[PDB]
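Undergrad: Before anything else, here's the structure in question.
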Amino acid sequence: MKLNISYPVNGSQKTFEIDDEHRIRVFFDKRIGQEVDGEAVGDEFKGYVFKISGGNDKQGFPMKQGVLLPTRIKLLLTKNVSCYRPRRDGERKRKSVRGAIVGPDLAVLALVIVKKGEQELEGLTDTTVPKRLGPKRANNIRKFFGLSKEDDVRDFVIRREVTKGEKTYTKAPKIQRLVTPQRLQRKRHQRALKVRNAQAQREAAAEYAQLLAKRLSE
Amino acid sequence: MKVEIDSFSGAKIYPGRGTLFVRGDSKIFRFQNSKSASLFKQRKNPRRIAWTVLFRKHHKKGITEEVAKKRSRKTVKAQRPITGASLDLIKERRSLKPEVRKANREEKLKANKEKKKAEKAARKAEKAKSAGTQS
RNA sequence: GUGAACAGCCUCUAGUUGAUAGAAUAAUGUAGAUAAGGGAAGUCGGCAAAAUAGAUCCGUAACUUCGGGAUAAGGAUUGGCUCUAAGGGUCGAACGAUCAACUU
RNA sequence: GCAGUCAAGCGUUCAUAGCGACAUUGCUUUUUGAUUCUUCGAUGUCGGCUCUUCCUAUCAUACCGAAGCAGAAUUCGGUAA
RNA sequence: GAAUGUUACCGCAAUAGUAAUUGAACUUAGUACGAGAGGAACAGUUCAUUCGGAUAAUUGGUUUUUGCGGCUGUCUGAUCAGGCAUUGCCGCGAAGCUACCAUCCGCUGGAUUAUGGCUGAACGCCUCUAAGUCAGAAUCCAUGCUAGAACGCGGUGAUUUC
RNA sequence: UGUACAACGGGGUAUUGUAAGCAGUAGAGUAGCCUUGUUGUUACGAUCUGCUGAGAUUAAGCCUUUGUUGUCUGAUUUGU
RNA sequence: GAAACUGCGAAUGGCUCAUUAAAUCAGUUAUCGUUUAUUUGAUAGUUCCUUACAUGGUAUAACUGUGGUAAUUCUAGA
RNA sequence: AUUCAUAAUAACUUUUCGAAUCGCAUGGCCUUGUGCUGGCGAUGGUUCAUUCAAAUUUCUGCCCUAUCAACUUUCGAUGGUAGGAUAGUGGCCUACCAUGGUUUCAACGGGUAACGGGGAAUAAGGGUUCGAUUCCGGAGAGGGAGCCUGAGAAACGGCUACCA
Ligand SMILES: NC[C@@H]1O[C@H](O[C@H]2[C@@H](O)[C@H](O[C@@H]3[C@@H](O)[C@H](N)C[C@H](N)[C@H]3O[C@H]3O[C@H](CO)[C@@H](O)[C@H](O)[C@H]3N)O[C@@H]2CO)[C@H](N)[C@@H](O)[C@@H]1O
Ligand SMILES: NC[C@@H]1O[C@H](O[C@H]2[C@@H](O)[C@H](O[C@@H]3[C@@H](O)[C@H](N)C[C@H](N)[C@H]3O[C@H]3O[C@H](CO)[C@@H](O)[C@H](O)[C@H]3N)O[C@@H]2CO)[C@H](N)[C@@H](O)[C@@H]1O
Ligand SMILES: NC[C@@H]1O[C@H](O[C@H]2[C@@H](O)[C@H](O[C@@H]3[C@@H](O)[C@H](N)C[C@H](N)[C@H]3O[C@H]3O[C@H](CO)[C@@H](O)[C@H](O)[C@H]3N)O[C@@H]2CO)[C@H](N)[C@@H](O)[C@@H]1O
Ligand SMILES: NC[C@@H]1O[C@H](O[C@H]2[C@@H](O)[C@H](O[C@@H]3[C@@H](O)[C@H](N)C[C@H](N)[C@H]3O[C@H]3O[C@H](CO)[C@@H](O)[C@H](O)[C@H]3N)O[C@@H]2CO)[C@H](N)[C@@H](O)[C@@H]1O
Ligand SMILES: NC[C@@H]1O[C@H](O[C@H]2[C@@H](O)[C@H](O[C@@H]3[C@@H](O)[C@H](N)C[C@H](N)[C@H]3O[C@H]3O[C@H](CO)[C@@H](O)[C@H](O)[C@H]3N)O[C@@H]2CO)[C@H](N)[C@@H](O)[C@@H]1O
Ligand SMILES: [Mg+2]
Ligand SMILES: [Mg+2]
Ligand SMILES: [Mg+2]
Ligand SMILES: [Mg+2]
Ligand SMILES: [Mg+2]
Ligand SMILES: [Mg+2]
Ligand SMILES: [Mg+2]
Ligand SMILES: [Mg+2]
Ligand SMILES: [Mg+2]
Ligand SMILES: [Mg+2]
Ligand SMILES: [Mg+2]
Ligand SMILES: [Mg+2]
Ligand SMILES: [Mg+2]
Ligand SMILES: [Mg+2]
Ligand SMILES: [Mg+2]
Ligand SMILES: [Mg+2]
Ligand SMILES: [Mg+2]
Ligand SMILES: [Mg+2]
Ligand SMILES: [Mg+2]
Ligand SMILES: [Mg+2]
Ligand SMILES: [Mg+2]
Ligand SMILES: [Mg+2]
Ligand SMILES: [Mg+2]
Ligand SMILES: [Mg+2]
Ligand SMILES: [Mg+2]
Ligand SMILES: [Mg+2]
Ligand SMILES: [Mg+2]
Ligand SMILES: [Mg+2]
Ligand SMILES: [Mg+2]
Ligand SMILES: [Mg+2]
Ligand SMILES: [Mg+2]
Ligand SMILES: [Mg+2]
Ligand SMILES: [Mg+2]
Ligand SMILES: [Mg+2]
Ligand SMILES: [Mg+2]
Ligand SMILES: [Mg+2]
Ligand SMILES: [Mg+2]
Ligand SMILES: [Mg+2]
Ligand SMILES: [Mg+2]
Ligand SMILES: [Mg+2]
Ligand SMILES: [Mg+2]
Ligand SMILES: [Mg+2]
Ligand SMILES: [Mg+2]
Ligand SMILES: [Mg+2]
Ligand SMILES: [Mg+2]
Ligand SMILES: [Mg+2]
Ligand SMILES: [Mg+2]
Ligand SMILES: [Mg+2]
Ligand SMILES: [Mg+2]
Ligand SMILES: [Mg+2]
Ligand SMILES: [Mg+2]
Ligand SMILES: [Mg+2]
Ligand SMILES: [Mg+2]
Ligand SMILES: [Mg+2]
Ligand SMILES: [Mg+2]
Ligand SMILES: [Mg+2]
Ligand SMILES: [Mg+2]
Ligand SMILES: [Mg+2]
Ligand SMILES: [Mg+2]
Ligand SMILES: [Mg+2]
Ligand SMILES: [Mg+2]
Ligand SMILES: [Mg+2]
Ligand SMILES: [Mg+2]
Ligand SMILES: [Mg+2]
Ligand SMILES: [Mg+2]
Ligand SMILES: [Mg+2]
Ligand SMILES: [Mg+2]
Ligand SMILES: [Mg+2]
Ligand SMILES: [Mg+2]
Ligand SMILES: [Mg+2]
Ligand SMILES: [Mg+2]
Ligand SMILES: [Mg+2]
Ligand SMILES: [Mg+2]
Ligand SMILES: [Mg+2]
Ligand SMILES: [Mg+2]
Ligand SMILES: [Mg+2]
Ligand SMILES: [Mg+2]
Ligand SMILES: [Mg+2]
Ligand SMILES: [Mg+2]
Ligand SMILES: [Mg+2]
Ligand SMILES: [Mg+2]
Ligand SMILES: [Mg+2]
Ligand SMILES: [Mg+2]
Ligand SMILES: [Mg+2]
Ligand SMILES: [Mg+2]
Ligand SMILES: [Mg+2]
Ligand SMILES: [Mg+2]
Ligand SMILES: [Mg+2]
Ligand SMILES: [Mg+2]
Ligand SMILES: [Mg+2]
Ligand SMILES: [Mg+2]
Ligand SMILES: [Mg+2]
Ligand SMILES: [Mg+2]
Ligand SMILES: [Mg+2]
Ligand SMILES: [Mg+2]
Ligand SMILES: [Mg+2]
Ligand SMILES: [Mg+2]
Ligand SMILES: [Mg+2]
Ligand SMILES: [Mg+2]
Ligand SMILES: [Mg+2]
Ligand SMILES: [Mg+2]
Ligand SMILES: [Mg+2]
Ligand SMILES: [Mg+2]
Ligand SMILES: [Mg+2]
Ligand SMILES: [Mg+2]
Ligand SMILES: [Mg+2]
Ligand SMILES: [Mg+2]
Ligand SMILES: [Mg+2]
Ligand SMILES: [Mg+2]
Ligand SMILES: [Mg+2]
Ligand SMILES: [Mg+2]
Ligand SMILES: [Mg+2]
Ligand SMILES: [Mg+2]
Ligand SMILES: [Mg+2]
Ligand SMILES: [Mg+2]
Ligand SMILES: [Mg+2]
Ligand SMILES: [Mg+2]
Ligand SMILES: [Mg+2]
Ligand SMILES: [Mg+2]
Ligand SMILES: [Mg+2]
């Protein structure tokens, strides 16, 4: 069929074309999340270990782990579940789903490398891709570089270039949940108005009781 | 070739042997022998027929291979850069001891600390650039 | 005993164990059975065979000499076990003692 | 019942591709008669079912010849049971 | 099956019997031919039909395997285990038997018929025909298949001691 | 007289579908008897559960067998 | 300031007269028989108990990249 | 008019809310630590009232029909009790119990080329006839049923199934 291989470490991704008959059948009657062995798939893959994460059968339908079974059953799908995107609030949908168990009907097999091996595949364990963002919060950048609550962050965050015509303008995140005076000011206003409304409420409560004291007698 | 499975017993159905029923609702049933199929036709219950697989699952018969062994792990990973931050660029900022951080602090901490007082009367300064502003 | 029953099936008493016998288990018979899918296309003709069947509840058409038709037609129920309720005899406010039955 | 011969006529033309009047020569015995030889000291009388085999005067199928056979279809015929 | 010495093994083949039929689809081809409407065929491929001979891996049928289970009634004091109801009844039921209700298999030449032709006289021409000869059918004779003459036969082994 | 034959026995194979027995804080419940109750016990109770894919059958035209036990010169007839 | 996340709406409208004979509906009561986004008006010193309050923890969309299906407001997995 | 509001004690709870929330400002204090304190806003949040609503509900009122006279009560018909279910009353449903409930003052049944009303046509009076249709209320989204989200739907320019 057509393999789909992920490298979690580097981040690299490359598809593989293997047509080799008796090599494919190692995947067969093995479910999603089970580890293969490398040599059986090909010579270069020797020494490796895979984990089958899903796929699409020759009609395109996605794999869903947990069905067991080799074949497509139409399922009633909800939010917070696979193979479904709930275009409307509270919407559920009957949709076809390919089983977890691997079989020859698959167009693409999805597997990620759990550990490497003897040789090394080009464009996979060759290069390594960058993750395009960096911590946008207080304690993320903190625990990223192993810092404290007084270490701030600021100049410890990430910046990117983006040339504009001639020269550049560099940009950087807003660091939400940062500790600022206005925040402590806002807490001040609140922690205060609690009591300001507290005493004055007991006042006008006793201030009324002057009435009901002298009130009646009639 | 594909070993199928008896929809009643749970027995392995090799090519050839057995029958295939197609119910009017299109649900498919495979039987490995005229016994199973007959039970099905008698409308019997595979959960109550002792030799069936479904029965001895429902009765927890056999088993114990899972109790005998447990397997896990085989996980780990390293880290990689960020667009805008090269690896060594990150290895330099993660590196420094708090003594460099402590020095870095007060240099900027006291820097704008003076810009706070220069600004503090700067509203008072533009208060002296316009008050009443006659003629 | 089972049951509506002198039914059919099993039994006590009593009477029998008598109907040439041995070996096999071809064809064709005689008698007894069962058949996938179709369902009278078979045939003079459904001949033969098969299906129905007890009991409880339910529902029961035309026509009619008003008596019938009627078990019309059509349906549901049916074991086992453990319980409940109602149905009596005698004897000296409605009791008391006291003996006994199976049936719903 | 089946088939010849003559060829007036049919077939636009054109006897005979395919047909065919008047006549005339025949074959056949799965028609019906005619007869009364056999059997009246008895040859089981309709049809069907079943099964075999034979006939050919061929419905199909194989190979062909002819056409008023362009093709397609059809029709006439030969070797064929 | 007596007998042709006995017994045994491998064979021959006279004579007899004989067997396969028919259809469709794809393709050729929307081609040939036709103004058009229409509309083929040979070669190639896949199946099918009626028939025939086997066969039982499979699926189905059959059940005295009375093999396992289940149920009614009665009988053996109860149990356990059983008897009787012409195989008591029901479910499953191997094995065997069996089914276009199951699967497999069904040969190759030679020679001819009608017919079309070659050369070619009769008849200096012409003509398949007279002499000669080419091709040619669900045909014939074989091949192949069945039986093997109990008065058809070949090769071979061993041939008697209380 | 054997790498023999036979009867049993064993392993396989196969059909059925979970034996008897013992046990259960399983059982709708009803009735007893007492110390009248954290479990209060005793009897009757279809049926459930456990040992138990158990027990039974398996060549009679199944396969196989280092085990056991048994058997192995009776009759007739044939010569070119 | 696209996307996407969170938010809210999508129960309004507009259409039609098929049902519907005490039903709908009308006028008139009831809720001392209930629900209520919103809107307006008020309502909160109390949270740990025997160790962040200068503010805890991860999870993900958009995105990037490897993909499947003839095909959809399909989606997989990194 | 209350077992009403509201308060009291004893407990109960996979313990509800009790602001880790944004925008404009940048003020005032003093031991000057970027300490302490501060302005109007926005969004929230607990109960209560309010508003926009919803659900049921009292009384009285419909056309033709007796060639429809008895109807309801299996299997809820009428009532009583207890429970369950609901947002809540109630045979709404269940259990037990009783035998009730409607009718010639027309039930029950049938028809309607019937959605009801505000209204429309006709113009002595009294009437006859009509109203699919601008407003209000109701129902429905091919026919039926089921449902998710939600404050609100038994929604259809939402989903699920069946039939067509
Ligand atoms: N009336 C039933 C009673 O039970 C038995 O009868 C039952 C069985 O014996 C009888 O079985 C027959 C069979 O005998 C007959 N030769 C063939 C028929 N197919 C079977 O019957 C059954 O067949 C199949 C199920 O197997 C069903 O499709 C069919 O509807 C059913 N009647 O079906 C009867 C039920 O309809 C006894 N004969 C007798 O006690 C009495 O008739
Ligand atoms: N059906 C598709 C094809 O068409 C074919 O076409 C044939 C038919 O159209 C027509 O055949 C007819 C037939 O219709 C009719 N029912 C019977 C008639 N005897 C046949 O006749 C034809 O065939 C026979 C025998 O082969 C020949 O002797 C005769 O000369 C010939 N005209 O003539 C064609 C043969 O010449 C066949 N029917 C068939 O085999 C082929 O596959
Ligand atoms: N199978 C296709 C169809 O069936 C038949 O096709 C058959 C023909 O093509 C050919 O059969 C030939 C036949 O053409 C010819 N005219 C007669 C011959 N006997 C047949 O041959 C057959 O029998 C002979 C022995 O006689 C065997 O040697 C041969 O192997 C056998 N196929 O082989 C096919 C199968 O035998 C029909 N002729 C026809 O309906 C159609 O082509
Ligand atoms: N042709 C030989 C081969 O066998 C087959 O061919 C066989 C048949 O199809 C072929 O049939 C031919 C037929 O085509 C040819 N035109 C005439 C010939 N007489 C026929 O053959 C058959 O004819 C009759 C049939 O009962 C028998 O008498 C004759 O012995 C027999 N061979 O005869 C062959 C048998 O000898 C196939 N065509 C193919 O396998 C291969 O060509
Ligand atoms: N097929 C009968 C129909 O009766 C219709 O109407 C009929 C009756 O409704 C109407 O009245 C009849 C009356 O004639 C007859 N002689 C006396 C009778 N009581 C009336 O009967 C009518 O009114 C009474 C109340 O008075 C109702 O109870 C009764 O149901 C109703 N039919 O008179 C008509 C008979 O003469 C029409 N005539 C017509 O549709 C047809 O004839
Ligand atoms: Mg996830
Ligand atoms: Mg923020
Ligand atoms: Mg006074
Ligand atoms: Mg069988
Ligand atoms: Mg009795
Ligand atoms: Mg009797
Ligand atoms: Mg006798
Ligand atoms: Mg005998
Ligand atoms: Mg017989
Ligand atoms: Mg008979
Ligand atoms: Mg039977
Ligand atoms: Mg039959
Ligand atoms: Mg049948
Ligand atoms: Mg029928
Ligand atoms: Mg008939
Ligand atoms: Mg008939
Ligand atoms: Mg007749
Ligand atoms: Mg009869
Ligand atoms: Mg019979
Ligand atoms: Mg009755
Ligand atoms: Mg009468
Ligand atoms: Mg009846
Ligand atoms: Mg009758
Ligand atoms: Mg019962
Ligand atoms: Mg009593
Ligand atoms: Mg004749
Ligand atoms: Mg003329
Ligand atoms: Mg001419
Ligand atoms: Mg005549
Ligand atoms: Mg005479
Ligand atoms: Mg005579
Ligand atoms: Mg005579
Ligand atoms: Mg006579
Ligand atoms: Mg006679
Ligand atoms: Mg005779
Ligand atoms: Mg006679
Ligand atoms: Mg006669
Ligand atoms: Mg002839
Ligand atoms: Mg001919
Ligand atoms: Mg004909
Ligand atoms: Mg001409
Ligand atoms: Mg024609
Ligand atoms: Mg024709
Ligand atoms: Mg003719
Ligand atoms: Mg013949
Ligand atoms: Mg011999
Ligand atoms: Mg021999
Ligand atoms: Mg074509
Ligand atoms: Mg066409
Ligand atoms: Mg052309
Ligand atoms: Mg033309
Ligand atoms: Mg042309
Ligand atoms: Mg051809
Ligand atoms: Mg061909
Ligand atoms: Mg046969
Ligand atoms: Mg039997
Ligand atoms: Mg005993
Ligand atoms: Mg018994
Ligand atoms: Mg006896
Ligand atoms: Mg009998
Ligand atoms: Mg008897
Ligand atoms: Mg018996
Ligand atoms: Mg059977
Ligand atoms: Mg069998
Ligand atoms: Mg063949
Ligand atoms: Mg064949
Ligand atoms: Mg042959
Ligand atoms: Mg050959
Ligand atoms: Mg030849
Ligand atoms: Mg010449
Ligand atoms: Mg010639
Ligand atoms: Mg010659
Ligand atoms: Mg001549
Ligand atoms: Mg020749
Ligand atoms: Mg032949
Ligand atoms: Mg021989
Ligand atoms: Mg001989
Ligand atoms: Mg002879
Ligand atoms: Mg001699
Ligand atoms: Mg010799
Ligand atoms: Mg043995
Ligand atoms: Mg073994
Ligand atoms: Mg036991
Ligand atoms: Mg004990
Ligand atoms: Mg115990
Ligand atoms: Mg107890
Ligand atoms: Mg108890
Ligand atoms: Mg007690
Ligand atoms: Mg068990
Ligand atoms: Mg042994
Ligand atoms: Mg001698
Ligand atoms: Mg000799
Ligand atoms: Mg609306
Ligand atoms: Mg109505
Ligand atoms: Mg109103
Ligand atoms: Mg988490
Ligand atoms: Mg995810
Ligand atoms: Mg209170
Ligand atoms: Mg506000
Ligand atoms: Mg009454
Ligand atoms: Mg109901
Ligand atoms: Mg009540
Ligand atoms: Mg209540
Ligand atoms: Mg309620
Ligand atoms: Mg009553
Ligand atoms: Mg209407
Ligand atoms: Mg109206
Ligand atoms: Mg209206
Ligand atoms: Mg007017
Ligand atoms: Mg007027
Ligand atoms: Mg007037
Ligand atoms: Mg209308
Ligand atoms: Mg109208
Ligand atoms: Mg409206
Ligand atoms: Mg429409
Ligand atoms: Mg929400
Ligand atoms: Mg609606
Ligand atoms: Mg709408
Ligand atoms: Mg809807
Ligand atoms: Mg729409």
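Here, A, B, ... name the chains of the structure tokens in the order displayed, residue numbers run from 1 inside each chain, and ligands are numbered from 1 in the same displayed order.
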Counting only C-alpha atoms, which residues of chain B come no farther than 9 Å from chain A, as a ChimeraX atom specification?

TA: /B:74-86,90,93-95,98,101-102,105

Undergrad: Show me which residues are within 10 Å of ligand 84 counting only C-alpha atoms (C1' of nucleotides) and all ligand atoms, and format the list as a list in words.

TA: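 Checked against 10 Å with only C-alpha atoms (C1' of nucleotides) and all ligand atoms; the hits are residues 4, 151 and 152 of chain E.
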
Undergrad: Write out the residues from the selection above, keeping N, CA, C and O atoms (P, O5', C5', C4', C3', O3' and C1' of nucleotides), as a PDB file, in the first residue's frame.

TA:
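Listed below is the output, out-v1.pdb:
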ATOM      1  P     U E   4      -8.403 -81.606 -18.189  1.00  0.00           P
ATOM      2  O5'   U E   4      -7.827 -80.160 -18.522  1.00  0.00           O
ATOM      3  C5'   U E   4      -6.720 -80.026 -19.391  1.00  0.00           C
ATOM      4  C4'   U E   4      -7.131 -80.269 -20.816  1.00  0.00           C
ATOM      5  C3'   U E   4      -6.398 -79.408 -21.842  1.00  0.00           C
ATOM      6  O3'   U E   4      -5.191 -80.002 -22.304  1.00  0.00           O
ATOM      7  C1'   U E   4      -8.729 -79.123 -22.105  1.00  0.00           C
ATOM      8  P     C E 151     -12.535 -69.755 -24.459  1.00  0.00           P
ATOM      9  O5'   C E 151     -13.114 -70.370 -25.802  1.00  0.00           O
ATOM     10  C5'   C E 151     -13.594 -71.700 -25.826  1.00  0.00           C
ATOM     11  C4'   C E 151     -12.889 -72.482 -26.892  1.00  0.00           C
ATOM     12  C3'   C E 151     -13.454 -72.299 -28.287  1.00  0.00           C
ATOM     13  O3'   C E 151     -12.392 -72.509 -29.211  1.00  0.00           O
ATOM     14  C1'   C E 151     -13.639 -74.552 -27.668  1.00  0.00           C
ATOM     15  P     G E 152     -12.186 -71.529 -30.459  1.00  0.00           P
ATOM     16  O5'   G E 152     -11.545 -70.209 -29.830  1.00  0.00           O
ATOM     17  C5'   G E 152     -10.245 -70.224 -29.257  1.00  0.00           C
ATOM     18  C4'   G E 152      -9.303 -69.281 -29.971  1.00  0.00           C
ATOM     19  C3'   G E 152      -7.911 -69.184 -29.389  1.00  0.00           C
ATOM     20  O3'   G E 152      -7.080 -70.260 -29.749  1.00  0.00           O
ATOM     21  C1'   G E 152      -8.712 -67.026 -29.812  1.00  0.00           C
TER      22        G E 152
END

Undergrad: Would you mind listing, for every residue of chain E within 8 Å of chain B, the two atoms forming the shortest contact and the distance between them in Å to one decimal, using only C-alpha atoms (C1' of nucleotides), sorted by chain and ascending residue number, as JSON lines?

TA:
{"residue": "E:58", "atom": "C1'", "partner": "B:16", "partner_atom": "CA", "distance": 5.8}
{"residue": "E:59", "atom": "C1'", "partner": "B:18", "partner_atom": "CA", "distance": 7.2}
{"residue": "E:92", "atom": "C1'", "partner": "B:35", "partner_atom": "CA", "distance": 6.5}

Undergrad: If the cut-off is 7 Å, can you tell me the residues of chain A near chain G, counting only C-alpha atoms (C1' of nucleotides)? I'd like them as a VMD selection string.

TA: chain A and resid 6 11 13 to 15 53 to 56 58 to 60 62 to 63 83 107 to 108 110 179 194 to 195 198

Undergrad: Can you list, as a list in words, every protein, DNA or RNA residue that comes within 10 Å of segment 129-131 of chain H when you count only C-alpha atoms (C1' of nucleotides), leaving out same-chain residues fewer than 2 positions away?

TA: residues 117, 119, 120, 121, 122 and 133 of chain H

Undergrad: Output C-alpha atoms (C1' of nucleotides) for every residue in the selection just made, as a PDB file, in the first residue's frame.

TA:
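And here is the file that came out, part-v9.pdb:
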ATOM      1  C1'   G H 117     -61.611  34.771  15.713  1.00  0.00           C
ATOM      2  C1'   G H 119     -64.306  40.747  10.170  1.00  0.00           C
ATOM      3  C1'   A H 120     -67.037  40.593   4.698  1.00  0.00           C
ATOM      4  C1'   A H 121     -71.560  40.777   1.201  1.00  0.00           C
ATOM      5  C1'   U H 122     -76.475  42.235   1.519  1.00  0.00           C
ATOM      6  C1'   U H 133     -56.259  35.191   2.622  1.00  0.00           C
TER       7        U H 133
END

Undergrad: Using only C-alpha atoms (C1' of nucleotides), which chain B residues lie at most 12 Å away from chain H, written as a list in words?

TA: residues 105, 106, 108, 109, 110, 111, 112, 113, 114, 115, 116, 117, 119, 120, 121, 122, 123 and 124 of chain B

Undergrad: Would you save the residues of that selection, restricted to C-alpha atoms, as a PDB file, in the first residue's frame?

TA:
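Now in part_32.pdb:
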ATOM      1  CA  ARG B 105      17.197  42.536  36.506  1.00  0.00           C
ATOM      2  CA  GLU B 106      18.338  45.619  38.417  1.00  0.00           C
ATOM      3  CA  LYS B 108      16.589  47.373  33.622  1.00  0.00           C
ATOM      4  CA  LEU B 109      14.598  47.434  36.894  1.00  0.00           C
ATOM      5  CA  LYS B 110      16.281  50.682  37.937  1.00  0.00           C
ATOM      6  CA  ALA B 111      16.452  51.919  34.311  1.00  0.00           C
ATOM      7  CA  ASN B 112      12.770  52.744  33.804  1.00  0.00           C
ATOM      8  CA  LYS B 113      12.551  53.285  37.586  1.00  0.00           C
ATOM      9  CA  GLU B 114      14.050  56.688  36.799  1.00  0.00           C
ATOM     10  CA  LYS B 115      11.743  57.036  33.775  1.00  0.00           C
ATOM     11  CA  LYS B 116       8.912  56.622  36.297  1.00  0.00           C
ATOM     12  CA  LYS B 117       9.862  59.811  38.173  1.00  0.00           C
ATOM     13  CA  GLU B 119       7.266  60.784  33.738  1.00  0.00           C
ATOM     14  CA  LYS B 120       5.672  61.375  37.158  1.00  0.00           C
ATOM     15  CA  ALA B 121       5.971  65.163  36.883  1.00  0.00           C
ATOM     16  CA  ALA B 122       5.818  65.064  33.063  1.00  0.00           C
ATOM     17  CA  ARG B 123       2.037  65.278  33.352  1.00  0.00           C
ATOM     18  CA  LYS B 124       2.728  68.028  35.880  1.00  0.00           C
TER      19      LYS B 124
END

Undergrad: Counting only C-alpha atoms (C1' of nucleotides) and all ligand atoms, what are the residues, protein, DNA or RNA alike, that approach ligand 45 to within 12 Å? I want them as a list in words.

TA: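 For ligand 45, the residues inside 12 Å are residues 58, 59 and 60 of chain D.
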
Undergrad: What are the DSSP strand (DSSP E or B) residues of segment 53-195 of chain A, as number ranges by chain?

TA: A: 53-57, 62-63, 73-77, 93-98, 106-115, 131, 137, 160, 163, 168, 171, 176

Undergrad: What's the 12 Å shell around residue 28 of chain G, counting only C-alpha atoms (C1' of nucleotides), without same-chain residues fewer than 3 positions away, as a PyMOL selection string?

TA: chain H and resi 58-61

Undergrad: Write the selection just made, keeping C-alpha atoms (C1' of nucleotides), as a PDB file, in the first residue's frame?

TA:
ATOM      1  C1'   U H  58     -62.394  28.760  35.422  1.00  0.00           C
ATOM      2  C1'   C H  59     -66.976  30.235  33.129  1.00  0.00           C
ATOM      3  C1'   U H  60     -70.028  30.385  28.565  1.00  0.00           C
ATOM      4  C1'   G H  61     -70.269  30.024  23.307  1.00  0.00           C
TER       5        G H  61
END

Undergrad: Give the residue list for ligand 23 at 9 Å, counting only C-alpha atoms (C1' of nucleotides) and all ligand atoms, as a list in words, sorted by chain and then by residue number.

TA: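 Answer in the requested format: residues 46, 47, 48 and 49 of chain C.
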
Undergrad: Write out as a count of residues only each polymer residue (protein, DNA or RNA) that has an atom no more than 12 Å from ligand 24, with only C-alpha atoms (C1' of nucleotides) and all ligand atoms counted.

TA: 8

Undergrad: Throw together the list of residues within 12 Å of ligand 74, counting only C-alpha atoms (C1' of nucleotides) and all ligand atoms, and drop it here as a PyMOL selection string.

TA: chain E and resi 109-112+135-137
